[PDB]
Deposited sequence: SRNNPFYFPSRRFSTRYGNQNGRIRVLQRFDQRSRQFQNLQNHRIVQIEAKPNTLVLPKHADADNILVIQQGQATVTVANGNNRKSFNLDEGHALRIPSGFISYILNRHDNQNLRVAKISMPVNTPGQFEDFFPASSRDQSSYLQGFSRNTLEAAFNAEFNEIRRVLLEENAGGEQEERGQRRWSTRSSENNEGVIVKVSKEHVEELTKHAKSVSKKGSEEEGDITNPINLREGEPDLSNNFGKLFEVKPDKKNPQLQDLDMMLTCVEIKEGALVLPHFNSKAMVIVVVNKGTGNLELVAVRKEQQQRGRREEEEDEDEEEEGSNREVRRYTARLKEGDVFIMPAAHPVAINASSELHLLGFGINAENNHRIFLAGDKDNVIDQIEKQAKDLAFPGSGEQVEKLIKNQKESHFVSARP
């Protein structure tokens, strides 16, 4: 009924067992053709129990992962290097396609929640995970090669190769339980957020001062610019918005960015306004819950009311030179920038009346829903 809204139910789990699960949202362009531009963006949500490890793999997709909740140790490896990072909530990490990575929940009793945006390299909207080891969920890709090839490659008997690499490990699946001793082994090397062979360092989305901030909300944003060259390559921005309970983000829009937003935490109500076929204004609404996804098309006015402390994670594509533009309040209010005489000709009220009404809201960006 609301094509911009993707409830957690629209996620299907790809890997899942007692230790956690890897869920993947449906392709956006399958929902509606108005998301064709988002066709090559898939949202992944990973949940892992304490002292749990997502086994090594690579995908034929480029990735940015962000910690929604908890604490992780994420490792990235290419042909000649490995780096392990301790990631906290609101930290992001780029994982280039074809690099191996694995994810440790390094917490004793808190669950790990991770959000990923995957951008397939080969087939628009489609990617696969490639595990070097076998498990009950999937075989090692090494099994795809012949006996002769494997033996020549590893310089060893097929029976040894099969015994140590190819068999199913002693079977949980791709997310396994890890002993305290093993956990400490895996975190000894990790470094915390605060380059080499395209293994780039983690980004702290909440680094420094928020772009927008008052008593009712904060918006943090990491833009595609000199400070983050890799975001330039992707033409993406990463945004973290926190809306206090009982507060509202004023009607606003991104001028050119299209944003996929996931609800990291909290509840609230989405209003999204659109013009469609002489021309009618359509209102779309949704009750936001943790794990939900929604799409903010560029230049479509949006307002969001927080039922409880609301944490939203935004992946913005087509982000270069984006402006986040407001329709009420003092700062960033584009309606205010219309010339007085133009306001007078456009609106029912006089220019004076329009300009007065506009000055009623003394605050900017976020205000109380009261």
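- Missing from the model, by position in the deposited sequence, are residues 1-2, 173-191, 216-220, 304-324, 418.
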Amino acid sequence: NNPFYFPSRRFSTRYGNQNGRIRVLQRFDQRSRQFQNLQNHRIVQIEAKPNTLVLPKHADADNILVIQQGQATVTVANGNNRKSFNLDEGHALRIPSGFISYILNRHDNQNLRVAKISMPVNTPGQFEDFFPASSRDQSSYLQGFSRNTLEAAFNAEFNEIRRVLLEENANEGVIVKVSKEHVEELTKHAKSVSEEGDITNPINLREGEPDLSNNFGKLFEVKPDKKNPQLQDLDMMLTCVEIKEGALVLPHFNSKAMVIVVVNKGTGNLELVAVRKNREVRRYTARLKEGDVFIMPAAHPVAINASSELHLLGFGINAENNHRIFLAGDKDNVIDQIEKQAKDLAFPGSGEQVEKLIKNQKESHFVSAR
From here on, numbers count along this sequence of modelled residues.
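- Of the two segments examined, 93-101 and 205-213, it is 205-213 that shows the higher average Cα temperature factor in the deposited entry.
- Of the two stretches examined, 229-237 and 160-168, the record assigns the greater average C-alpha temperature factor to 160-168.
- The maximum CA B-factor among the listed residues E290, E271, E181, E221, taken from the PDB record, is found at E181.
- If you compare the C-alpha temperature factors of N122, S140, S255, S192 in the entry, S192 comes out highest.
- Ranked by Cα temperature factor within the chain, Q341 sits in the middle third according to the deposited record.
- Looking at the C-alpha B-factors along this chain, the one for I199 belongs to the highest third.
- Compared with the other modelled residues of the chain, the Cα B-factor recorded for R324 ranks in the lowest third.
- Annotation for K57: C-alpha temperature factor in the middle third relative to the rest of the modelled chain, per the entry.
- The PDB entry assigns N81 a C-alpha temperature factor belonging to the middle third of its chain's modelled residues.
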